[PDB]
Amino acid sequence: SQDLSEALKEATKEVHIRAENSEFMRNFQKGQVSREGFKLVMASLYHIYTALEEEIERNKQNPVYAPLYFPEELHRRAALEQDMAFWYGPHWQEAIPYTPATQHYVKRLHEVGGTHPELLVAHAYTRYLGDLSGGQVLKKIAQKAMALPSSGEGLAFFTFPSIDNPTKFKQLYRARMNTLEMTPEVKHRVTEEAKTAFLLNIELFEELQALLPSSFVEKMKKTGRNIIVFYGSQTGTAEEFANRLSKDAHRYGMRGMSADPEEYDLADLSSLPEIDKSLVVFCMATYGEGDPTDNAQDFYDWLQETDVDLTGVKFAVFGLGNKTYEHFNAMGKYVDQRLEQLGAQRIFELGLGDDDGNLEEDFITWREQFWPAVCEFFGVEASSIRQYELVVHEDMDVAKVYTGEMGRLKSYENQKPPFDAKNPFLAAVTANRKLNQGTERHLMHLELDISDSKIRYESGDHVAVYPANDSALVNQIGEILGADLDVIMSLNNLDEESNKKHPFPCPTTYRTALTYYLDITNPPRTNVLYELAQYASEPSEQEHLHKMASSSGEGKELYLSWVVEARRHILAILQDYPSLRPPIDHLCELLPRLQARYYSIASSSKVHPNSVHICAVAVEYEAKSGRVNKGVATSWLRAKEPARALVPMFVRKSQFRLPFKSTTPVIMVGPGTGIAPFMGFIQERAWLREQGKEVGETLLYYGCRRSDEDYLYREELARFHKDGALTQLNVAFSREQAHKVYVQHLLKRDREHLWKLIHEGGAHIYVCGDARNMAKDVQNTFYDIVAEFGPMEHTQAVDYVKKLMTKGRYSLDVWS
Ligand SMILES: Cc1cc2nc3c(=O)[nH]c(=O)nc-3n(C[C@H](O)[C@H](O)[C@H](O)COP(=O)(O)OP(=O)(O)OC[C@H]3O[C@@H](n4cnc5c(N)ncnc54)[C@H](O)[C@@H]3O)c2cc1C
Ligand code: HEM
Ligand SMILES: Cc1cc2nc3c(=O)[nH]c(=O)nc-3n(C[C@H](O)[C@H](O)[C@H](O)COP(=O)(O)O)c2cc1C
C-alpha cells in the first residue's frame, strides 16, 4: 500500500506465515519446546538485539530512523542480558554460543546500520512489532513448558514494563513509521529489507531446529471428597485458578481437589448427588472462535447431543476469556447454560474474566464473593475460618514501624530514585486553585513539584496518586468499634508457601492501616459481610448479614439495593447495624486495599519540566442512605494547601502522543475534564511555535454546561487562541438554550474542514474524557463525515476510520 505500515504488512504477508509455520515455532506454539533450544534461541536473540540496538543508537538522530527511537519502551539488550545470566549462569559472557545464522543476521544488521540506515526501520519493525504481538502468549507458554518462577526470571525479554498497552503502542509505532518521508524506490527497498529480515529469522529458526534432534465420583466417594474443580486450560492459567480454588476448599470446613476432564468421562457426573452436599466447579478457558481448550474437547462434545438428567447437582462456572474476541467466554457461558438446562442448579453467577483488563483481579473478586455464597447455601460452620494471625508488639521502637509508606521501610523519608508504583515520589503541592466558575461542582487545577525527582513525562502520560482516607472517618470507626487505633501490631500469613506475608505493610498501627492501606469508602464486598455476620448479636441483623451473602433469593436483591445502590461504606453499616462489634484486626484482614487513582497530566514537560499539572473534578454526592459520601483521592487532594503538603505520586507512560512532525494537524475532542491532556498538547504546540518550527493546525473541541459555570481554562484557552497557538476553539454548551448542544454537533458542523484535514493534511484525531458513550458518538460522527465527503459507502468509511485507528491517528483516552 501507500503508507509504510500497510506496505510492510502486505510485503511480509507471506514470510510471516512461513516464519510462524517453521518447525521450531510450531513446536513452540504447541508447548513442545525444550530448555536447550530455548537457551539457543535466547542467546541468538541476545546477539541480534545487541547488534540492532547498537545500530539504533548509531542512527538515533538520523531523520530516516529518529521517529522510531523508543529506548525506554522497546529496547531488549538489558532484559536479554538478565536472561543470559539466568539461563547461562554467572559467566554467561563466555558460555553463550554464536551460530553462523546469528552471525549472518548480525552482519546484515551492521551493514544496514553502517551504510544504509534508511532500511533500519524494516528490521526494527520485523523484530519489535513482532515482540509486541505473539510474544505476550509465548511467555505464558514458556512459564509452563520450562516451569519458571512467577517472578518472570528468564523471560525478561518478553516483558515490557514501560508499555502499558501493546496494541496502542503498536498503533503509535505505525504512526511514527508513516512519519518517515521517503521516495517510492526507497519504500520498495524497505519492504524488500523487511522480507530479508523475515527470511533471516526463518533460516535462523531452521538452523536452530537442525541443532536440536476410573469413576471420579466414586473416587471422591472412596477418598472422602465433596468438591471437585475441573479446569479447561491450555497455557496453565485455568490450572492455576482451579488449584487455588481447590486449596481453599480445605480452609472452609470442606475439602476439594482439582481435576482434568481430559482423563475422565463426565458421564460419571450423573451419579454425583449421592454425596452429602457436594459442589462441582469449572474453570473453563475459551480458545479459537469460541471453541474449548483441547483437554475439554471430550467434555464439550459430550455436552452437545445429550440430555442425561443430573437433578440435584449443584454447580458453579468461571470462564477465562478476553473482551477483544467477538466470541467472549463462549466456553464458560456454554457450560453454564448447558448445566442449567440439563437439570443442575446454579449457586453463583457465572464469572467472565477479561484478559484485556485484569484476569487475576477478576478471579480474585469472583472467588471472594463465591465462597460466602456456597457457605450460606449449604448452611454454616459458624464462620470458623481465618487467614492472618494477629501479633501485638506492645514494646517497640518507632524506627521499625510503618507510618504510611508504600515500599520499603521509611521510603517516604529517605526518598531515593528511582520512583514508580512501588516507591512513589512525594511531590510538593505548588498550586491548588479552582477552575470551576460556578457552584454546582468543584473542579480544581493542582500543580505537583517533582523538581529533583529525576521523573520524566510527556503530554498524554498519566500520573497516579496514593491518597489517604479522611481522618474523621478513621476516628469514628475507632470509636464505634471500641478499639485502640494506636496499637502497633502485625498480621502474619500462616500459609507459608505464599510470598504475600501481610495484608498490608507491617508492623503498623490500626490507625495507619485504616488511613493509608485500606479502602473504607467503597461499598463492602459479600465476603466481608459474611465474615462480619458472626459478630452481629441481634438475630434480625445476623440473619440480614447471612442472607446478603448469596446469589439466590431475596439476599442478592437486598445486597444490591441496600449496600450497592445506596453506597454505604463500612462506617454506615456499623451505624445502621448496632449489633456489629467485630475486632479491628479481623476487619483489617477483610477490607480491600486502598488503590491509587490515576489522572491525565495537564501540562507539557517541554514548558513545565519540574511540575506536573492535574485537572480534576471533586467527587462528592448524597448517597441514597442519606449520608454524604466523599471521594477519597479528590477530597484528599482538595485538602492539600501550599501551607509542605506532600502527594505520593508516580508517572505511568501512555500511548497518547502528539504527532512527531510539527506540521501535522491535530483534532482534539474532550468534553469536561477530558480537556486535561489537551491542555498539555496545546502548550507544547505553543512552545513549538515559539521555537520557530512550522506548526500545523490545532483544533480543540471542548464541552461544558454553561459558559459561566464549568468553563475550564477559559482565560488560558482564550490567550492561546488569540496568540495563534490554538487555531480553533469550539466549545459546546449543553445548558445554554432549549436543546442541548454537544461536541458531536460541532464536529458535524465542521465536517468539510475536518475531512480536508484528515484526507489532505493527514490529521491526528484525539478523544478523551469520562463522558457517557461519547466514544461511539464521535466515532459515528467521523464515520458519517468520511462516508459523505469521501465518496464512500458506510462500510468502507468505517473501515477507513478503523484504518486511521491502526495507523495511530484516531486515539482514545477514556475513563470512568
Ligand atoms: C487513565 C485515567 C485517567 C484519568 N484522568 C482524570 C482527570 O484528568 N480528572 C479527573 O477528575 N479524574 C480522572 N480519572 C478518574 C480518577 O482516577 C478517579 O476515578 C476520580 O478522580 C475519582 O477519584 P476519588 O478517589 O476521589 O473517588 P472514589 O473514592 O474512588 O469513588 C468513586 C465512586 O463513587 C461513585 N459515585 C460517584 N458519584 C456518584 C453519585 N452521584 N451517586 C452515586 N455514586 C457516585 C461512583 O460509583 C464512583 O465509582 C482518570 C482515570 C483513569 C483510569
Ligand atoms: C509463534 C509464532 C508467531 C505467532 C503466533 C505470531 C502471531 C502474530 C499475530 C497474532 C500478529 C498480529 C498482531 C496484530 O497485528 O495485532 C502478528 C503480527 C506480526 N508478527 Fe507475527 N507471529 C509469530 C511469529 C513471528 C515472527 C518470528 C516474527 C518476526 C521475527 C513476527 C513478526 C510479526 C510482526 C512484525 C507483526 C506485525 C505485523 C503488522 O501489523 O504490521 N511474527 N504475529
Ligand atoms: C488462540 C487464542 C484464542 C482465544 N480465543 C478466545 C475467545 O474466543 N474468546 C475469549 O474470550 N478468549 C479467547 N482467548 C483468550 C483466552 O481464553 C485467555 O487468554 C485465557 O485466560 C486462557 O486460559 P489458559 O491460559 O488457562 O489456557 C483466546 C486466546 C488464544 C491464545
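Use the structure listed above.
All of the points below concern the structure found in this document. (Residues numbered from 1 in each chain as written, not as in the entry; some residues may be left out. Chains lettered and ligands numbered in written order. Heavy atoms only, no water. Residues with missing side-chain atoms left out of burial classes, pairs and counts.)

**Brief notes about the sheet that holds strand β19 (residues 666-671)**
The strands that make up a sheet are held in pairs by hydrogen bonds between backbone atoms, and each pair lies either parallel or antiparallel. The condition that has to hold: Two strands pair under a simple rule: DSSP has to find at least two bridges between them. Only DSSP runs of H or I reaching four residues or more are called helices, and only runs of E reaching two or more are called strands; each is numbered from the N terminus. Between N-to-C directions, angles span 0 to 180 degrees; the directions come from axes that are lines fitted to C-alpha atoms, helices contributing only their stretch in contact. The contact rule is simple, with two residues in contact once any of their heavy atoms fall within 4.5 Å.
The strand order across the open sheet formed by 5 strands is β21-β20-β19-β22-β23, and the pairing between neighbours is parallel. Unpaired on one side and paired on the other, β21 (728-733) and β23 (810-814) mark the two borders of the sheet. Sheet twist, expressed as the average angle between the axes of neighbouring strands with direction ignored, equals 10°. Against the sheet, helix α29 (residues 774-789) touches β19, β22 (764-769) and β23, its axis set at about 165° to β23.

**With respect to the site of ligand 2**
Filter applied, for reference: Note on definitions. A residue lies near a molecule or strand when any single heavy atom of the residue is within 4 Å of it. In protein, a polar contact means a hydrogen-donor-capable atom and an acceptor-capable atom, both N or O and within 3.5 Å, with residues adjacent in sequence counting only if both atoms are side-chain atoms; elsewhere, any N or O pair within 3.5 Å suffices. Nonpolar residues are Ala, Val, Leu, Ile, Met, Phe, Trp, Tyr, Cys and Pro. Charged residues are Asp, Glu, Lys and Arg, and all others, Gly as well, are polar.
Around ligand 2 there are 16 residues in total, and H16, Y125, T126, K170 and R174 lie nearest to it. Between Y125 and ligand 2, the recorded distance is 2.8 Å, taken from a side-chain N or O atom to an oxygen atom. Contact between ligand 2 and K170: an oxygen atom at 3.2 Å from a side-chain N or O atom of the residue. Counting residues per element, the ones that place at least two in the shell around ligand 2 are α1 (4-20), α2 (23-29), α8 (120-131), α10 (166-179) and α11 (184-210). Sort the elements by how many residues they give to the shell around ligand 2 and α8 lands first, with 5 residues. Of the residues assigned to the shell around ligand 2, the class counts are 5 nonpolar, 6 polar and 5 charged.

**A few points about the coordination of the iron atom of ligand 2**
This is how it is decided: A 2.8 Å cut-off from the metal defines N, O and S donors, relaxed to 3.2 Å for Na, K and Ca; water is not in the atom list, so some sites may appear incomplete.
Looking at the protein side alone, the iron atom of ligand 2 has one donor only, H16 (NE2), at 1.9 Å. Topologically, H16 is positioned in helix α1.

**Quick look at the pairing of strand β2 (residues 256-259)**
What counts here: Whether a crossover is right-handed comes down to one check: with the strands pointing away from the viewer, does the path from the first strand over the helix to the second run clockwise; if it does, it is right-handed.
Relative to β2, strand β1 (residues 227-232) runs parallel, the two being bridged by 4 bridges. Residue pairing for β2: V229 is matched across the bridge by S258. Handedness of the β-α-β unit built from β1, helix α13 (residues 237-247) and β2 comes out right-handed.

**Digging into the packing of helix α7 (residues 100-115) against α8**
Here is the rule: Just so you know how the angles are binned, under 35 degrees is roughly parallel, over 145 roughly antiparallel, 65 to 115 roughly perpendicular, and the rest oblique.
α8 packs onto α7 with a crossing angle of 140° between their chain directions and a minimal axis gap of 9 Å. With respect to α8, the axis of α7 lies oblique. Listed contacts from α8 to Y105, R108, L109 and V112 of α7 are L120, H123 and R127. Residues belonging to the contact of α7 with α8 are distributed by class as follows: 4 nonpolar, 1 polar and 2 charged.

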